[PDB]
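Asker: Under the entry's author numbering, the first residue of the sequence shown is numbered 1, with each subsequent residue one higher. For each residue, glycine too, the CB sits at the ideal point set by N, CA and C.
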Amino acid sequence: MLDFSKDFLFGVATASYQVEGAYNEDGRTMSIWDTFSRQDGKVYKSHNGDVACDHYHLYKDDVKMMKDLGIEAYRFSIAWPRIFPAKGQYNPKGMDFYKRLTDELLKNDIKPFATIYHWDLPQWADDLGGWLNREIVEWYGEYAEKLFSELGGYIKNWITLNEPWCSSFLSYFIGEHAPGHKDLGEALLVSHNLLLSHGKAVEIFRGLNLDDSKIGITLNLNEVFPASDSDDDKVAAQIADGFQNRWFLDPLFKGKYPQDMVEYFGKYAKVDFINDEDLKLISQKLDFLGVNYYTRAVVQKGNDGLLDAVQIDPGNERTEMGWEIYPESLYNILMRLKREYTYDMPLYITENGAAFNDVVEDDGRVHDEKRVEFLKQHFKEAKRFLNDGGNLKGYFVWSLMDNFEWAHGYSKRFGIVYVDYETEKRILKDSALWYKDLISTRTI
Ligand code: NA
Ligand code: NA
Ligand code: NA
Ligand code: NA
Ligand code: NA
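1. As a quick check of your reading: which residues have a C-beta less than 5 Å from at least one non-hydrogen atom of ligand 3, in chain order?
2. Along the beta strand (DSSP E) that carries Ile-427, what are the first and last residues, could you check?
3. Taking only the alpha-carbon atoms, compute the straight-line gap between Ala-297 and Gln-311 and give it to the nearest angstrom.
4. DSSP three-state call for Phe-225: helix, strand or coil?
5. Leaving out five residues before and five after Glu-150 in sequence, what residues of the same chain have Cβ atoms less than 8 Å from its Cβ?
6. Can you tell me whether DSSP reads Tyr-117 as helix, strand or coil?
7. Can you list, in chain order, the residues of its chain whose CB lies under 6 Å from that of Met-261, leaving out five sequence neighbours each side?
8. So what does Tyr-293 bridge to, in DSSP terms?
9. Thinking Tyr-23 and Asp-34 are a contact (beta carbons under 8 Å), I'd like their distance in whole angstroms, please.
10. Output the boundary residues of the alpha helix (DSSP H) element that contains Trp-33.
11. Expressed to the nearest angstrom, what Euclidean distance is found between the alpha-carbon atoms of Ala-187 and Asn-352?
12. Does the segment 229-236 come close enough to the segment 207-218 that 3 or more CB-CB pairs lie under 8 Å?
13. Starting from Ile-239, follow the alpha helix (DSSP H) in both directions and report where the run begins and ends.
14. For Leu-189, collect the residues of the same chain with a Cβ closer than 7 Å to its Cβ; drop the 5 residues on either side in sequence, then sort them by chain order.
15. If I'm right that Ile-444 touches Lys-393 with Cβ under 8 Å, what's the distance once you round it to whole angstroms?
16. Are residue 446 and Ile-71 close, meaning C-beta to C-beta below 9 Å?
17. What residues sit near ligand 6, counting only those whose C-beta is closer than 6 Å to one of its heavy atoms, in chain order?
18. Can you tell which of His-367, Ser-16, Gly-185, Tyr-154 has its C-alpha closest to the C-alpha of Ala-269?
19. Nearest to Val-397 by CA position, among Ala-354, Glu-422, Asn-387, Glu-381, is which residue?
20. Check whether the segment 58-77 and the segment 326-338 touch, using three or more Cβ-Cβ pairs below 8 Å as the test.
21. Let's test the definition: count the other Cβ atoms within 10 Å of the Cβ of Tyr-343 and tell me whether it reaches 16, buried, or not, exposed.
22. Whole angstroms are fine: how far does the CA of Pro-112 sit from the CA of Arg-75?
23. Fully enclosed by the segment 252-309, which alpha helix (DSSP H) runs are 4 residues long or longer?
24. So the candidates are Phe-288, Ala-432, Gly-199, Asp-313; which of them puts its Cα closest to the Cα of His-367?
25. Could you tell me the boundaries of the beta strand (DSSP E) in which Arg-413 lies?
26. Between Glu-317 and ligand 5, is there a pair consisting of the residue's CB and a ligand heavy atom that are separated by less than 8 Å?
27. Identify which residue in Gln-300, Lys-280, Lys-107 has its Cα closest to the Cα of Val-224.
28. According to DSSP, is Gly-11 part of a helix, a strand, or is it coil?
29. How would you write the range of the alpha helix (DSSP H) that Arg-206 sits in, first residue to last?
30. Does the distance between the C-beta of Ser-37 and the nearest non-hydrogen atom of ligand 2 fall short of 8 Å?
31. What residues in its chain sit with their C-beta under 8 Å from that of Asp-233, if we drop five residues either side in the sequence?
32. On the DSSP bridge assignment, give the partners of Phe-396 in chain order.
33. At a cut-off of 8 Å, would you count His-47 as near ligand 2, judging by its Cβ distance to the nearest heavy atom?
34. Output needed for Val-137: all residues of its chain with C-beta closer than 7 Å, excluding positions within five of it in sequence on either side, in chain order.
35. Identify the residues that DSSP records as bridge partners of residue 453: which are they?
36. For ligand 5, which residues count as neighbours when the test is a C-beta closer than 6 Å to any heavy atom?
Put into structure tokens, the structure is as follows:
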């Protein structure tokens, strides 16, 4: 009688640096993204998150907005530089914000899902080597342990890392994200130190045995299609699939890095960080997997260089990111996890959404019908996965509101709520009205 059960969680998501603002208030010190956005050329028009959506000051209005929409769960991240603005120096005023935020959520019947690390590493940590320094495993563990102990009465659903592929390869190999290095060997070691840190938090979390509390991790995943049936393109797709998906899924859920990728990367950089002890910590059992899904890739063999597959344009509709709108890969990825990695474990879609060219018209509305149809198509695939026996527990739309889209600055708008940054006014888009109806009727 219901496409989505009463226990299914309809959510929305944000991240701390993308929405909070108040970047220098109540003891917060700089993160790598404050520093990165101030480096010439790194972020669109030198945008930064000094103010962003001012959610730090406006959080009560934003929670009321979610309650009036009927939101059942809210995924947010916690800013490490607010909690430990210097090494080993705990900041109670930083903790106090997340206590008043989650108190407000709970009092309006919204379930909090807290991301421990969503890319805003403290600058003091990077100055000591950051994710390249194995001692970060201990610093991250101390940070996570403090959150568990202070917020365990408020938060019962924890996500250790958001998209470690971005924090490693996009940040240290491609160089688009903070701190912006371009060195394959560094990206590979960072990938390992991130997973090891995830492992340490899981170890601490299990040792606390918190009542009715769950921990997971969030991965951005895609589906890779070969451009043709040639053997050349088949190998190209295999490498691209290992690069985005299996390099993280395999150590987490099989206790082993994918061997074809270890041998491939080893022709170009050192892979000697791999050892049995570390992979045991990395592959500790989780309560759920969070999936960030946006698009697929169609790839053709390049000129045998390092990760040089040619991106094929198959000629279908795309978002303002240039990302193909291909909702069937949401179902395909969820099913692949069910059959190859996670089996019967609970899954959440922790991000799905789209950037379009939103404008407020003379009637004061944002008629974002392309976003309405995008979300409708993807929620129909979630419904199909559920009807085929998949263990999907909830779905968080990226994002609650327009926000700071990293190297794109404010130029890409992902919200179901429009933000006029000059006034910080919130305007419900037509997609938010559609989502409100979906939550109320649980019908699609
Ligand atoms: Na911010
Ligand atoms: Na800037
Ligand atoms: Na697991
Ligand atoms: Na769970
Ligand atoms: Na499709």
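Answerer: Concretely, from the data shown:
1. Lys-285, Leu-286
2. 425-428
3. 7 Å
4. strand
5. Excluding sequence positions up to five before and after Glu-150, its CB lies within less than 8 Å of the CB of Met-95, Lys-99, all in the same chain and listed in chain order.
6. strand
7. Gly-242, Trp-247
8. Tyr-293 is bridged to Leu-221.
9. 6 Å
10. 32-37
11. 26 Å
12. By the C-beta criterion, the segment 207-218 is judged not to be in contact with the segment 229-236, since fewer than 3 inter-stretch pairs fall below 8 Å.
13. For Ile-239, the enclosing alpha helix (DSSP H) has its first and last residue at 231-241.
14. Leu-132, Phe-273
15. Contact doesn't hold; Cβ gap of about 17 Å is too wide.
16. In the structure displayed, the chain extends from 1 to 444; residue 446 sits before or after that span and is not available.
17. Ligands in the displayed structure: ligand 1, ligand 2, ligand 3, ligand 4 and ligand 5; ligand 6 is not one of them.
18. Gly-185
19. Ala-354
20. no
21. exposed
22. Approximately 6 Å, taken between the alpha carbons.
23. 259-266, 276-282
24. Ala-432
25. Note, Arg-413: premise wrong, no beta strand (DSSP E); not H, not E.
26. no
27. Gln-300
28. DSSP, read as helix, strand or coil, puts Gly-11 in strand.
29. 184-208
30. yes
31. The beta carbon of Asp-233 sits closer than 8 Å to those of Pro-226, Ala-227, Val-299, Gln-300, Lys-301, all from its chain and outside the five residues before and after it, given in chain order.
32. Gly-11
33. yes
34. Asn-193, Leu-196, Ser-197, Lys-200
35. In this structure the chain extends from 1 to 444, so residue 453 is not present and cannot be described.
36. In chain order, the qualifying residues are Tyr-326, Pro-327, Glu-328.
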